[PDB]
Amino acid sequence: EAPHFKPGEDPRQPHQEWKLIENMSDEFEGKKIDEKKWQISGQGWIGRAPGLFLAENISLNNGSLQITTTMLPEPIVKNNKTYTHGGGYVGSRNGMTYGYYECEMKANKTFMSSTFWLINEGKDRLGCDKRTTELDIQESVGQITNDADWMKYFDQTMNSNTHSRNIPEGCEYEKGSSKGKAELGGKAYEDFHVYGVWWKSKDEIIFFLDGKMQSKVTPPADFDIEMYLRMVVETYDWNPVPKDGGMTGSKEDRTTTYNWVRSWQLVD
């Protein structure tokens, strides 16, 4: 009935309350994902090669969303690139501006990502709102395959980010990124964690982990454009495929599991 906040961490003021945004929230009960609420195929982004988003890799079980990584049984060529692995994409068909957005997620234990984020959809927007604003709440991988120093702990942190890019010429916005990082206390695939963001205003973004405030970030440009939820399991170029193909794990180890996604507005 309220967001997950430990005692002493709820940022609301005493005459305010948190209200569930029903069309951006799901406990994932039942046997099949609700495709009137969520888009899992037909989306603009098919996947970063070599990981192709498959609708078949999305399942529900036991009141949770499961996005499972796979080896494709044969390569698939799309946009002149070869795909060899299956990930998955789940995007909210409804958007909002501002609010509190949280999920409870356990990452997969593979070289592919486990993510929870917001982005606007600039080509449907007008004038300067065609610029991109992306708010990454958590991005993780389960198996680090690049020995670059910047990423050696990427599998045991909350890695949050805010991006401004694709800005139309003449529009007075800056491009760039403002990151946040915090310790999970364990690997992202070992336990569930609650990853949350208070998208408080166009210039105040506050990240929470397991019900505790971690950081406040000023984004690189105003975040005052409607944004849509994303839960995505992909390949990143900087975390390449391991020598065994990276898909020998159990179904559980190949699965990013979200127990729920809850989105809220703060009202007077």
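Counting begins at 1, following the sequence as shown.
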Checklist outcome for this item: For 211 to 219 versus 33 to 41, entry-based mean Cα B-factors point to 33 to 41
Item to check | Mean C-alpha temperature factor, higher of 178 to 186 and 109 to 117 | outcome: 178 to 186
Checklist entry - Reading the B-factor column of the entry, which of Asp155, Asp124, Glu102, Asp136 has the highest value at its C-alpha atom? => result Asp124
Checklist entry - In this PDB entry, which of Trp150, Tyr89, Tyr195, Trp198 has the top CA B-factor? => result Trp150
Checklist outcome for this item: Entry-reported C-alpha B-factor of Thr256 relative to its chain, by third, is lowest
Checklist entry - Looking at the C-alpha B-factor of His163, is it in the lowest, middle or highest third of its chain? => result lowest
Item to check | Within-chain third of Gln66 by Cα B-factor, per the entry | outcome: middle
Checklist outcome for this item: Here the Cα B-factor of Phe28, set against its chain, lands in the third termed highest
Checklist outcome for this item: By the entry's values, the third containing the CA B factor of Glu234 is the lowest
